Amino acid sequence: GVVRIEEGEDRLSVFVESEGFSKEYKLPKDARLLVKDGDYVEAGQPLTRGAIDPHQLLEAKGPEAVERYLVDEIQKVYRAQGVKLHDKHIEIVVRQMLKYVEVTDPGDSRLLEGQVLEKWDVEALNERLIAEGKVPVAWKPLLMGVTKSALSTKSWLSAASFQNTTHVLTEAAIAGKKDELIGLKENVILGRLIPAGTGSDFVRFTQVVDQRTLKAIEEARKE
Amino acid sequence: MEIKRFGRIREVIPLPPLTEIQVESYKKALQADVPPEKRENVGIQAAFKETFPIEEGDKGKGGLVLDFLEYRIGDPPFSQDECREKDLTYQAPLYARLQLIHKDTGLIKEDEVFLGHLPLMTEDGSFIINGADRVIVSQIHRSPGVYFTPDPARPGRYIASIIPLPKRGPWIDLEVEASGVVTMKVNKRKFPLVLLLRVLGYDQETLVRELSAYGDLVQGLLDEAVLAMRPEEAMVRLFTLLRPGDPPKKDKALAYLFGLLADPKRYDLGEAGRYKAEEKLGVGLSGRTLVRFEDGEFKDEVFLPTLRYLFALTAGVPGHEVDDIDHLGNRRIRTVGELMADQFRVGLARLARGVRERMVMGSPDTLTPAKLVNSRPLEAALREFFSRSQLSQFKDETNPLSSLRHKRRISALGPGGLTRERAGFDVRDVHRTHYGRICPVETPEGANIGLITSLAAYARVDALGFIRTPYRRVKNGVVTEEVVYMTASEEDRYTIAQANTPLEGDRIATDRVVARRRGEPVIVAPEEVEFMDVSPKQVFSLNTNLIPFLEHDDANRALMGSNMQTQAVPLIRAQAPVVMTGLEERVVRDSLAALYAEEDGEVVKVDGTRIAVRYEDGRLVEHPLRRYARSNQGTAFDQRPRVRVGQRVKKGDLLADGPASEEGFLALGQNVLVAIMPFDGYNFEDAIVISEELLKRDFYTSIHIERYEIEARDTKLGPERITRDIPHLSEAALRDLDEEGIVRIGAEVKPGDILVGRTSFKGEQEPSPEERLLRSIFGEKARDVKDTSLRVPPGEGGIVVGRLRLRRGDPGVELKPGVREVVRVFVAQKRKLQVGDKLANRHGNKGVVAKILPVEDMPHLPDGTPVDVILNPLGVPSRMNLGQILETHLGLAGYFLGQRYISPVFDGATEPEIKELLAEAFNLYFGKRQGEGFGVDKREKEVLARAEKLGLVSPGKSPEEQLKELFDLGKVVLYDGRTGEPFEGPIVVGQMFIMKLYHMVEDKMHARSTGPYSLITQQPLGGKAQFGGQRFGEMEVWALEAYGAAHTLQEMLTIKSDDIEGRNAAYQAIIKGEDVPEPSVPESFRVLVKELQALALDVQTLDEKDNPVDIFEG
């Protein structure tokens, strides 16, 4: 919308009045604003100056949006110190920061239980396609941070290692709760052959042949 | 040799008797040499007296009391040397004279009642606690008083402070919050402070009077008209909220600590606590937070004048400002003698409740002191002190300096009154105060940096631990001789001037004078002067002074040097730095590791084993020379005869040197000839090259004595003897154990070879797998009594030279619970240099070696003689330690010039002064060459040929000159022994003093293909025969993860640690050479699953089709 500041050396604030709703945007008596007296806008943006809250933003502006800020933001300091580094990296991190979403109008699980994107769609693109009906089971924009993050990761073996394991197992144990061992910290706590590189699913299930020892293996097949 | 000394400014006074921080502090605590009726308090006195007019529950009625009169000092049950070989605390019985009057009367004075072993100090400054020596250090805490300061979790508002001496009074904080109130925090308690204003006689209109009108915070502290009531009533809402479990009106039994007397509250006798809480507060206070028994009630003294500077601080006027909580005039120092005395208010503590419970059960007539006291709480609590507190440190005996360095230390850490390992960014930092009190370039690299540190040379601690630093007084333009030792709070109001500043005869010389005030650096008028420092040494730490050209070194890469100089290890043919700073000699004397003579006489008998003299008709002492004894790091210091068998002496001069000393002068390392430059990346990044030459001369060699020990216990399977008789051992083995179990002295040691046999029965079981494959590596199956002898641990070793024996029962030999008979063999070794060994300069250029090169390589000068160490340049730039480069110059100087010099702190020589001798050396050096008949050759000129094109040389001048010109320019031409052609650029060369540090690869370095598998965790640990067992952390893995290192990861989590199956399996595997591993399912996995069920929860296992596993097959 539009704007207009009011008073000087007593009660500071500002107002974001579009057409009708004049949102009372205060200031603690010591703020360094920068969007003068008149200006013009669009949704969720740096008004005062200072910072940019994660959650508060998101909510009223979307998930990607934050992401963008995130990384970049982060980068800004890194850059300010000689740091160089493909952005990609920082991104990848971020990714999980989204991974979870809350719920409303469900078609199967609890009416809140935080949740994984994919899990939401192999179930929200599967309760309207082959198994039509029930309810799409929508979600919303949810933000975790490394910390809060991991913690809700479905896997437990890994899930342990943090805060107070008790809890994790506790609840877990109760319902079946499986893992699938898809991850690193996962397959390692146990000491498997990591689902990576050599221990992946595309370059380890390969059997090598030696040109001549392929014709002593071609006469024991047509028998 | 012949010594010149630079700069003047004559030290009006040598330096403090150093070791003063431990001796001069500990003697004025335990006054056993001063009539007992005398003694002006503190230490044991003020400790026996703070807790001695010790009554008995019930005031007046039933008798029983017990008081004090004087304390008797003990006499060493043992001598310094024995109490050490025998593992004793070199304590010293301490008796006290008690007498307890009854209610019916009786003057029964039980003649000295043993209270506990109080350890006597040493000439050194350390002690003898359970064997070795420790350094009861000196901490530094917040000096008592009141300052206030702002609020932390609430900006804009202010909190008040009331700190009395610690361990003699509660912590008190008057923080004003948002509720309007001014609550009172005390020993973990936050109640409405209005409840303590009324207890000290304050109404509902005099709390609004002296402190309202301004700051309407008094109308939050006010409306609570349910507690603005009665005097002995605001005492039960205070004794029913401060101490639950007891609601009696005996709320002046507990509310009797935190105030009157000195049981708890009080900040010194009226010093820092009062003299400070007077000038900044509301003037006038004697000695405790208010006062009780005055006429009836409590007549407040210091809970209102400080509540009249904290609220006039949250609005207020001038004069009322925050205090700096890290200022020295605001900071204290707990010396030695007092820290044991405080473990006496704690040694006399659990003892004033070991009698007040003994006069309730036992007849009150049948009582006489020495029958009421057990005296275990001063032994167990004053032995607990020299045996465990984070402050009672080992003692760095590397060299003698460190020894002392240690002492000088200052810690913040501490038992209770101290600082944890997670704070301090308002303290750690160096403060505008320190100047001359606490050096700023001595603290440790990281982890601790700040909190810990060494005192600033001259500076002395005094009275209530106030650091005092020496200044010289003037008559406003003139210059006195009088010198002013003064505290900091006594310095923030004087306009002091550098000593660096020009002074004629004995006064001021010039009008542009540099001076400081409080802390700010300004220029001042010649008579606008108060004082003037005694010198700069007054400014830097003790060792931070040994620095030669500090005047030209970064501040950072410097401490490194003062430091490191500590991790300095001695060598034989030691030698003191060519360039010194004077003190250089003194350090050696105050350390005491060197031997001097009290009175002047003359020597008669003289050998490595002793030195007999015949002082001036003062008899004939005969002090022995500790020969090759072990340090604590291992080191191995030994004094050495340095006098003749016939000569009048000099009133006590080097009666013979110490470890790393040369005729009275500190010889940390060995000044050697260096060549600054790059070699085939053979000093790269921070490496250094050496010339075989030193090994030849055996120049950098260290002696070291490793201490081995053993313990034989008493068991059910039988007692653990120790005889030169142990089965299957083939005589050629025992071969050197004449002692009947011990190795003879002078025996050459190897590894695995026997050191101390020791047979224990054990058994009752049968071997099996995972040790019967090894086993025969440790048995041949067996015996009814096993080997378990000592044997030399991998790598170490050397030539023996010392054996000690004990046995549960000797006079003073006391063995723990279960043990019997001890033994300790002492074997040492020569160590020369070994590629990789560590070494550096005082100038912070730490640098190890990678290539010892033959005297055939080793870029040599033109006159044949080769350099020694190549000190690449690169390591100098990014760091700012010029000076070192300056030492090299003076070096070449001091070479041909034949001498030593002393470039003290900011008083050293100078470029113009040095060029002087440098040329003075060239005129000589070259006079030597032309004199021989030569005079520069193609090689040289060719250099000078470019030396000019480079402008370092003045063009248009004979070759010869371009040399001197250059020579004086501190460099010269250098020949690369390998190729006749010299380097193409003059080279800075010279004699650089260096050193050998604590670290020496020899003690690091390991490798294990297999070996000792733990039995606990099921993996590689310890190491009897073969050794080591490297660790592996997450990082490692993650990265491992980084690469698709699959197996490299898995093989790194199995057959190389837990999974017992594998390690053997694998181990075998190679013995034949097969693929080798492929472990079934990693140990740990199963373990856990089982540690799981071993706590409920199945913890099953399925695949892709979700089906039952078979995870354990057994």
# chains A, B, ... in the order shown; residues from 1 in each chain; ligands from 1
$ closest_atom_pairs --of "chain A" --to "chain B" --cutoff "10 Å" --atoms "only C-alpha atoms" --output "JSON lines"
{"residue": "A:169", "atom": "CA", "partner": "B:1097", "partner_atom": "CA", "distance": 9.1}
{"residue": "A:170", "atom": "CA", "partner": "B:1097", "partner_atom": "CA", "distance": 9.5}
{"residue": "A:173", "atom": "CA", "partner": "B:1097", "partner_atom": "CA", "distance": 6.5}
{"residue": "A:174", "atom": "CA", "partner": "B:1097", "partner_atom": "CA", "distance": 8.7}
{"residue": "A:176", "atom": "CA", "partner": "B:1099", "partner_atom": "CA", "distance": 9.5}
{"residue": "A:177", "atom": "CA", "partner": "B:1099", "partner_atom": "CA", "distance": 9.8}
{"residue": "A:178", "atom": "CA", "partner": "B:1101", "partner_atom": "CA", "distance": 9.0}
{"residue": "A:179", "atom": "CA", "partner": "B:1101", "partner_atom": "CA", "distance": 9.9}
{"residue": "A:180", "atom": "CA", "partner": "B:1103", "partner_atom": "CA", "distance": 8.2}
{"residue": "A:184", "atom": "CA", "partner": "B:1041", "partner_atom": "CA", "distance": 7.9}
{"residue": "A:185", "atom": "CA", "partner": "B:1038", "partner_atom": "CA", "distance": 9.0}
{"residue": "A:187", "atom": "CA", "partner": "B:1085", "partner_atom": "CA", "distance": 9.6}
{"residue": "A:188", "atom": "CA", "partner": "B:1050", "partner_atom": "CA", "distance": 8.1}
{"residue": "A:189", "atom": "CA", "partner": "B:1085", "partner_atom": "CA", "distance": 7.4}
{"residue": "A:190", "atom": "CA", "partner": "B:1085", "partner_atom": "CA", "distance": 4.4}
{"residue": "A:191", "atom": "CA", "partner": "B:1082", "partner_atom": "CA", "distance": 5.8}
{"residue": "A:192", "atom": "CA", "partner": "B:1050", "partner_atom": "CA", "distance": 6.6}
{"residue": "A:193", "atom": "CA", "partner": "B:1046", "partner_atom": "CA", "distance": 5.8}
{"residue": "A:194", "atom": "CA", "partner": "B:1046", "partner_atom": "CA", "distance": 5.6}
{"residue": "A:195", "atom": "CA", "partner": "B:1046", "partner_atom": "CA", "distance": 7.9}
{"residue": "A:196", "atom": "CA", "partner": "B:1044", "partner_atom": "CA", "distance": 5.5}
{"residue": "A:197", "atom": "CA", "partner": "B:1044", "partner_atom": "CA", "distance": 3.9}
{"residue": "A:198", "atom": "CA", "partner": "B:1046", "partner_atom": "CA", "distance": 5.5}
{"residue": "A:199", "atom": "CA", "partner": "B:1046", "partner_atom": "CA", "distance": 5.4}
{"residue": "A:200", "atom": "CA", "partner": "B:1044", "partner_atom": "CA", "distance": 8.6}
$ select_by_dssp --residues "range 389-595 of chain B" --states "alpha helix (DSSP H)" --output "compact mmCIF listing (two decimals) with N, CA, C and O atoms, in the first residue's frame"
# COMPACT_ATOMS: atom_id res chain seq x y z
N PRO B 400 65.10 -23.79 34.45
CA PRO B 400 64.90 -23.13 35.75
C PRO B 400 63.92 -21.96 35.66
O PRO B 400 63.19 -21.65 36.60
N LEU B 401 63.93 -21.30 34.51
CA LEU B 401 63.06 -20.16 34.27
C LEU B 401 61.62 -20.60 34.53
O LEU B 401 61.00 -20.19 35.51
N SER B 402 61.11 -21.44 33.64
CA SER B 402 59.75 -21.95 33.75
C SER B 402 59.45 -22.20 35.21
O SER B 402 58.40 -21.82 35.71
N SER B 403 60.39 -22.86 35.88
CA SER B 403 60.21 -23.15 37.30
C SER B 403 59.64 -21.87 37.87
O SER B 403 58.48 -21.80 38.27
N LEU B 404 60.46 -20.83 37.86
CA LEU B 404 60.02 -19.56 38.38
C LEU B 404 58.79 -19.01 37.66
O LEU B 404 57.85 -18.55 38.31
N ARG B 405 58.80 -19.04 36.33
CA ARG B 405 57.66 -18.53 35.58
C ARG B 405 56.40 -18.99 36.27
O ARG B 405 55.54 -18.19 36.62
N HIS B 406 56.32 -20.30 36.46
CA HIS B 406 55.18 -20.91 37.11
C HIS B 406 54.77 -20.04 38.29
O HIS B 406 53.72 -19.41 38.27
N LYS B 407 55.63 -19.97 39.31
CA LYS B 407 55.33 -19.19 40.50
C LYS B 407 54.68 -17.84 40.20
O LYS B 407 53.60 -17.53 40.72
N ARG B 408 55.34 -17.03 39.38
CA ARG B 408 54.84 -15.70 39.04
C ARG B 408 53.39 -15.70 38.56
O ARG B 408 52.68 -14.71 38.71
N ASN B 556 51.73 -9.96 18.98
CA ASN B 556 51.24 -11.34 18.99
C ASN B 556 52.40 -12.35 18.96
O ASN B 556 52.68 -13.00 19.97
N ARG B 557 53.07 -12.47 17.81
CA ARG B 557 54.19 -13.41 17.63
C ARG B 557 55.28 -13.26 18.68
O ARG B 557 56.33 -13.91 18.61
N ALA B 558 55.04 -12.39 19.65
CA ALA B 558 55.98 -12.13 20.72
C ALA B 558 55.72 -13.03 21.92
O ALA B 558 56.58 -13.82 22.29
N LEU B 559 54.54 -12.91 22.53
CA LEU B 559 54.21 -13.75 23.68
C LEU B 559 54.65 -15.17 23.37
O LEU B 559 55.15 -15.88 24.24
N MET B 560 54.45 -15.57 22.12
CA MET B 560 54.84 -16.89 21.67
C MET B 560 56.26 -17.11 22.18
O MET B 560 56.57 -18.13 22.79
N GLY B 561 57.10 -16.12 21.91
CA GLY B 561 58.49 -16.16 22.31
C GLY B 561 58.74 -16.16 23.80
O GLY B 561 59.53 -16.95 24.28
N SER B 562 58.09 -15.26 24.53
CA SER B 562 58.30 -15.25 25.97
C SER B 562 57.87 -16.65 26.34
O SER B 562 58.51 -17.33 27.15
N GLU B 584 69.44 -11.54 32.51
CA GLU B 584 69.91 -12.81 31.99
C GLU B 584 70.64 -13.66 33.02
O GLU B 584 70.46 -14.87 33.08
N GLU B 585 71.49 -13.01 33.81
CA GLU B 585 72.25 -13.68 34.85
C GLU B 585 71.41 -13.89 36.10
O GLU B 585 71.33 -15.01 36.62
N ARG B 586 70.79 -12.82 36.57
CA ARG B 586 69.97 -12.85 37.79
C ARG B 586 68.93 -13.96 37.84
O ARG B 586 68.79 -14.65 38.86
N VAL B 587 68.19 -14.13 36.75
CA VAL B 587 67.19 -15.18 36.69
C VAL B 587 67.78 -16.44 37.32
O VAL B 587 67.19 -17.05 38.21
N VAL B 588 68.97 -16.82 36.86
CA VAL B 588 69.66 -18.02 37.33
C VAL B 588 69.85 -18.04 38.84
O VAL B 588 69.87 -19.11 39.45
N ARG B 589 70.00 -16.87 39.45
CA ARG B 589 70.21 -16.82 40.89
C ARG B 589 68.93 -16.94 41.72
O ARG B 589 68.89 -17.71 42.68
N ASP B 590 67.90 -16.19 41.36
CA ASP B 590 66.65 -16.24 42.12
C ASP B 590 65.94 -17.60 41.95
O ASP B 590 65.05 -17.96 42.73
N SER B 591 66.35 -18.37 40.93
CA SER B 591 65.77 -19.68 40.66
C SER B 591 66.28 -20.68 41.69
O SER B 591 65.60 -21.64 42.03
$ select_by_dssp --residues "range 270-459 of chain B" --states "strand (DSSP E)" --output "VMD selection string"
chain B and resid 392 to 393 409 to 410 453 to 454
$ write_last_selection --atoms "C-alpha atoms" --output "compact mmCIF listing (two decimals), in the first residue's frame"
# COMPACT_ATOMS: atom_id res chain seq x y z
CA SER B 392 47.98 -26.65 43.56
CA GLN B 393 49.80 -27.22 40.10
CA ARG B 409 51.57 -16.91 37.51
CA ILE B 410 48.14 -15.40 38.17
CA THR B 453 49.14 -14.69 33.49
CA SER B 454 52.55 -13.69 34.93
$ residues_around --residues "residue 33 in chain A" --least-positions-apart "4" --cutoff "12 Å" --atoms "only C-alpha atoms" --output "ChimeraX atom specification"
/A:5,12-14,25-29,37,46-51
$ residues_around --residues "range 124-138 of chain B" --least-positions-apart "2" --cutoff "8 Å" --atoms "only C-alpha atoms" --output "number ranges by chain"
B: 19, 22-23, 80, 83-91, 119-122, 140, 333-336, 386-387, 391-395, 406-411, 591-592, 632
$ closest_residue --among "A:168, A:217, A:70, A:208" --to "residue 94 in chain A" --atoms "only C-alpha atoms"
A:70
$ atom_distance --atom1 "CA of residue 382 in chain B" --atom2 "CA of residue 339 in chain B"
10.3 Å
$ atom_distance --atom1 "CA of residue 680 in chain B" --atom2 "CA of residue 872 in chain B"
10.3 Å
$ residues_around --residues "residue 149 in chain A" --least-positions-apart "3" --cutoff "12 Å" --atoms "only C-alpha atoms" --output "NGL selection string"
:A and (93-101 or 114-116 or 142-146 or 152-154 or 159 or 162)
$ closest_atom_pairs --of "range 589-685 of chain B" --to "range 817-835 of chain B" --cutoff "10 Å" --atoms "only C-alpha atoms" --output "CSV"
residue,atom,partner,partner_atom,distance
B:628,CA,B:828,CA,9.3
B:629,CA,B:826,CA,9.4
B:630,CA,B:826,CA,8.7
B:634,CA,B:828,CA,9.4
B:635,CA,B:828,CA,9.9
B:636,CA,B:828,CA,8.7
$ atom_distance --atom1 "CA of residue 655 in chain B" --atom2 "CA of residue 694 in chain B"
29.5 Å
$ closest_residue --among "A:175, A:111, A:57, A:2" --to "residue 36 in chain A" --atoms "only C-alpha atoms"
A:2
$ residues_around --residues "residue 1 in chain A" --least-positions-apart "2" --cutoff "12 Å" --atoms "only C-alpha atoms" --output "PyMOL selection string"
chain A and resi 3-4+15-23+38-45
$ residues_around --residues "residue 782 in chain B" --least-positions-apart "4" --cutoff "10 Å" --atoms "only C-alpha atoms" --output "list in words"
residues 727, 728, 766, 767, 775, 776, 778, 786 and 787 of chain B
$ decode --residues "range 111-207 of chain A" --atoms "C-alpha atoms" --output "JSON list (two decimals), in the first residue's frame"
[["chain", "number", "residue", "atom", "x", "y", "z"],
["A", 111, "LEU", "CA", -4.87, -33.41, 12.46],
["A", 112, "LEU", "CA", -1.44, -31.83, 13.12],
["A", 113, "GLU", "CA", 1.52, -34.24, 13.22],
["A", 114, "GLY", "CA", 4.35, -32.33, 11.60],
["A", 115, "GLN", "CA", 5.27, -33.79, 8.25],
["A", 116, "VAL", "CA", 7.45, -34.52, 5.26],
["A", 117, "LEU", "CA", 6.57, -33.04, 1.88],
["A", 118, "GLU", "CA", 6.78, -36.18, -0.28],
["A", 119, "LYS", "CA", 4.90, -38.16, 2.37],
["A", 120, "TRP", "CA", 2.19, -35.53, 2.05],
["A", 121, "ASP", "CA", 2.02, -35.87, -1.77],
["A", 122, "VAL", "CA", 2.46, -39.63, -2.33],
["A", 123, "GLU", "CA", -0.66, -39.39, -0.17],
["A", 124, "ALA", "CA", -2.06, -36.06, -1.49],
["A", 125, "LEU", "CA", -1.56, -37.18, -5.13],
["A", 126, "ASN", "CA", -2.87, -40.62, -4.31],
["A", 127, "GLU", "CA", -6.16, -39.84, -2.49],
["A", 128, "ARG", "CA", -7.55, -38.18, -5.63],
["A", 129, "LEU", "CA", -5.91, -40.26, -8.42],
["A", 130, "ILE", "CA", -6.01, -44.06, -8.14],
["A", 131, "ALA", "CA", -7.78, -44.24, -4.75],
["A", 132, "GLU", "CA", -10.01, -41.21, -5.38],
["A", 133, "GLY", "CA", -11.75, -39.60, -2.40],
["A", 134, "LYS", "CA", -11.28, -39.13, 1.36],
["A", 135, "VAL", "CA", -9.69, -35.62, 1.23],
["A", 136, "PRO", "CA", -6.52, -34.20, -0.33],
["A", 137, "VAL", "CA", -5.13, -33.63, 3.15],
["A", 138, "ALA", "CA", -3.54, -30.19, 2.70],
["A", 139, "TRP", "CA", -0.74, -28.76, 4.77],
["A", 140, "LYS", "CA", 0.89, -25.35, 5.19],
["A", 141, "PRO", "CA", 4.23, -23.48, 5.41],
["A", 142, "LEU", "CA", 6.33, -24.89, 8.27],
["A", 143, "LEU", "CA", 9.83, -23.87, 9.32],
["A", 144, "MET", "CA", 12.36, -25.88, 11.27],
["A", 145, "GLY", "CA", 16.01, -25.08, 11.94],
["A", 146, "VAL", "CA", 18.78, -27.71, 11.82],
["A", 147, "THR", "CA", 18.06, -28.21, 15.45],
["A", 148, "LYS", "CA", 14.25, -28.55, 15.55],
["A", 149, "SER", "CA", 14.85, -30.13, 12.14],
["A", 150, "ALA", "CA", 16.63, -33.47, 12.40],
["A", 151, "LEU", "CA", 14.71, -34.10, 15.59],
["A", 152, "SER", "CA", 11.47, -34.75, 13.67],
["A", 153, "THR", "CA", 13.20, -36.83, 11.03],
["A", 154, "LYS", "CA", 11.22, -40.03, 10.83],
["A", 155, "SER", "CA", 14.22, -42.33, 11.44],
["A", 156, "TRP", "CA", 14.98, -43.08, 15.05],
["A", 157, "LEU", "CA", 18.44, -44.66, 15.12],
["A", 158, "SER", "CA", 19.53, -41.38, 14.01],
["A", 159, "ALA", "CA", 16.67, -39.67, 15.81],
["A", 160, "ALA", "CA", 18.42, -40.85, 18.96],
["A", 161, "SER", "CA", 21.84, -39.22, 19.13],
["A", 162, "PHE", "CA", 20.17, -35.90, 20.10],
["A", 163, "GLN", "CA", 18.39, -34.30, 23.09],
["A", 164, "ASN", "CA", 17.05, -37.07, 25.32],
["A", 165, "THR", "CA", 16.91, -40.31, 23.43],
["A", 166, "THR", "CA", 14.44, -41.79, 25.92],
["A", 167, "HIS", "CA", 11.59, -39.87, 24.42],
["A", 168, "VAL", "CA", 12.48, -40.85, 20.89],
["A", 169, "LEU", "CA", 12.56, -44.58, 21.58],
["A", 170, "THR", "CA", 9.68, -44.36, 24.01],
["A", 171, "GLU", "CA", 7.02, -43.04, 21.69],
["A", 172, "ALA", "CA", 8.65, -44.80, 18.75],
["A", 173, "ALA", "CA", 8.78, -48.32, 20.14],
["A", 174, "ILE", "CA", 5.07, -48.11, 20.86],
["A", 175, "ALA", "CA", 3.82, -47.99, 17.28],
["A", 176, "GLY", "CA", 5.78, -50.33, 15.04],
["A", 177, "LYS", "CA", 8.04, -47.60, 13.67],
["A", 178, "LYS", "CA", 10.45, -48.67, 10.98],
["A", 179, "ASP", "CA", 13.50, -46.99, 9.47],
["A", 180, "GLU", "CA", 14.50, -48.39, 6.07],
["A", 181, "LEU", "CA", 18.12, -47.39, 6.79],
["A", 182, "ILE", "CA", 18.14, -44.78, 3.81],
["A", 183, "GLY", "CA", 20.63, -42.47, 5.45],
["A", 184, "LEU", "CA", 24.27, -42.17, 6.52],
["A", 185, "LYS", "CA", 24.15, -41.45, 10.24],
["A", 186, "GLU", "CA", 21.54, -44.16, 9.92],
["A", 187, "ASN", "CA", 23.40, -47.15, 8.35],
["A", 188, "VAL", "CA", 26.47, -46.14, 10.28],
["A", 189, "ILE", "CA", 25.29, -46.16, 13.87],
["A", 190, "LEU", "CA", 25.10, -49.80, 12.92],
["A", 191, "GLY", "CA", 28.08, -49.86, 10.62],
["A", 192, "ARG", "CA", 26.61, -50.90, 7.31],
["A", 193, "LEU", "CA", 27.98, -50.14, 3.86],
["A", 194, "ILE", "CA", 26.73, -46.53, 3.52],
["A", 195, "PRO", "CA", 24.11, -45.90, 0.80],
["A", 196, "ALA", "CA", 26.75, -43.84, -0.97],
["A", 197, "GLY", "CA", 29.18, -43.91, -3.85],
["A", 198, "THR", "CA", 30.36, -47.48, -3.82],
["A", 199, "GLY", "CA", 27.59, -48.30, -1.42],
["A", 200, "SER", "CA", 24.89, -46.75, -3.64],
["A", 201, "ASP", "CA", 22.24, -48.39, -5.86],
["A", 202, "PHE", "CA", 23.72, -47.77, -9.39],
["A", 203, "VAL", "CA", 27.49, -48.71, -9.38],
["A", 204, "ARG", "CA", 27.79, -51.63, -6.82],
["A", 205, "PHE", "CA", 25.40, -54.35, -8.26],
["A", 206, "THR", "CA", 27.73, -54.76, -11.28],
["A", 207, "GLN", "CA", 29.53, -58.03, -12.23]]
